[PDB]
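# Examination of the molecular architecture
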Amino acid sequence: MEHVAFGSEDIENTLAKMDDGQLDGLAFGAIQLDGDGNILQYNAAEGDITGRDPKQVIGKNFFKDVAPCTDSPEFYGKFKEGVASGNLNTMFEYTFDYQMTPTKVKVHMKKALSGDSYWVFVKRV
Ligand SMILES: *C(=O)/C=C/c1ccc(O)cc1
């Protein structure tokens, strides 16, 4: 395991040092998105929660292609306000239900350290 707690205040500093292999050792799901919502990184824990194959979803658009249930003011709307303003730090519960058993999760979205990149962190609740 790579020990990092979900919700930690300096999580973007800690994860800036990790390659794809180290991201797969986290205890929670982690997705890195660019400012248009395309998936740059997607770890093994996220694939275990959602059933998606991490290697196949890289390069797809999260809001248009992979996760249409997040195309809503409650999720995508918060993301796009964050990208526009250049700052984002929000945590909320949500249900993922597209082509899968509905699964309740806690989501934490936070701007990365790398300029136009954004994290989505996910844990079961
Ligand atoms: C709703 O369509 C949610 C889908 C989803 C959430 C998170 C993922 O990693 C993959 C699909």
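Numbers on residues come from counting from 1 along each chain's written sequence, not from the entry itself, and any residue without coordinates is not displayed. Each side-chain value is derived from all of the structure's non-hydrogen atoms; neither hydrogens nor water enter the calculation.

For this coordinate set, the PDB header names X-ray crystallography as the determination method and states a resolution of 1.25 Å.

## Side note on empty space enclosed by the protein
It is the rolling of a water-molecule-sized probe over the atoms that shows where space remains empty. Cavities and pockets were defined on a 1 Å grid built over protein atoms only: a cavity is a set of grid points that admits a 1.4 Å probe from which the probe cannot escape, a pocket is an open set flanked by protein on both sides within 12 Å along at least five of seven lines, and lining residues are those with an atom within 4 Å of any such point. Grid points are joined across faces, edges and corners, and a volume is the space filled by probe spheres set on the points. For the coordinates displayed, the defined rule picks out one cavity of 30 Å³ or more. By volume, the largest cavity is sized at about 100 Å³. Helix and strand labels come from DSSP, where a helix needs a run of H or I of at least four residues and a strand needs a run of E of at least two; each type is numbered from the N terminus. Secondary structure elements with two or more residues in the lining of the largest cavity: α3 (44-50) and α5 (62-66). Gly counts as polar in this scheme, as do all residues outside two lists: the nonpolar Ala, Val, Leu, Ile, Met, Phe, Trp, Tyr, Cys and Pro, and the charged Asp, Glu, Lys and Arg. Broken down by class, the residue content of the lining of the largest cavity amounts to eight nonpolar, one polar and three charged.

## Concerning the side chain of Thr-70
Tracing the chain through its elements places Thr-70 in the loop between α5 and α6 (76-85). Exposure remark for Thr-70: the relative accessible area of 1% places this residue in the buried category. Contacts between residues were defined by any pair of non-hydrogen atoms, one from each residue, lying within 4.5 Å. Leaving out residues up to four positions away in the same chain, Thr-70 has contacts with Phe-62, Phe-63, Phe-75, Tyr-76, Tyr-94 and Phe-96. When a residue's accessible area, from a 1.4 Å probe over protein chains only, is under 20% of the maximum for its type it is buried; when over 50% it is exposed; and in between it is partly exposed.

## Considerations on the packing of aromatic side chains
Pairing of aromatic side chains requires ring centres within 6.5 Å, counting the rings of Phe and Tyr and the six-membered ring of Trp. Pairs whose planes differ by under 30 degrees are stacked, by over 60 edge-to-face, and all others tilted. The final tally for this structure, using the stated rule, is 14 aromatic pairs. Both rings, one in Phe-6 and one in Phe-28, keep their centres 5.7 Å apart while their planes meet at 80 degrees; by these two values the pair is edge-to-face. Residue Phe-6 is located in the segment before α1 (11-15), and its partner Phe-28 is located in the loop between α2 (20-23) and β1 (29-34); the two are separated by 22 residues in the primary sequence. Overall, the relative accessible area of 17% leaves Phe-6 in the buried class. Note on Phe-28: relative accessible area 3%, which makes it buried. Judged by centre distance (6.5 Å) and plane angle (40 degrees), the rings of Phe-75 and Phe-96 are tilted. Linking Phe-75 in the loop between α5 and α6 with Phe-96 in strand β3 (residues 89-96), this pair joins segments that are 21 residues apart in sequence. Side by side, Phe-75 and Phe-96 carry an identical accessibility label, which is buried. Among the aromatic side chains, those forming a connected cluster through ring pairs are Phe-62, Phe-63, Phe-75, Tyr-76, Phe-79, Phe-92, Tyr-94, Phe-96 and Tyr-118.

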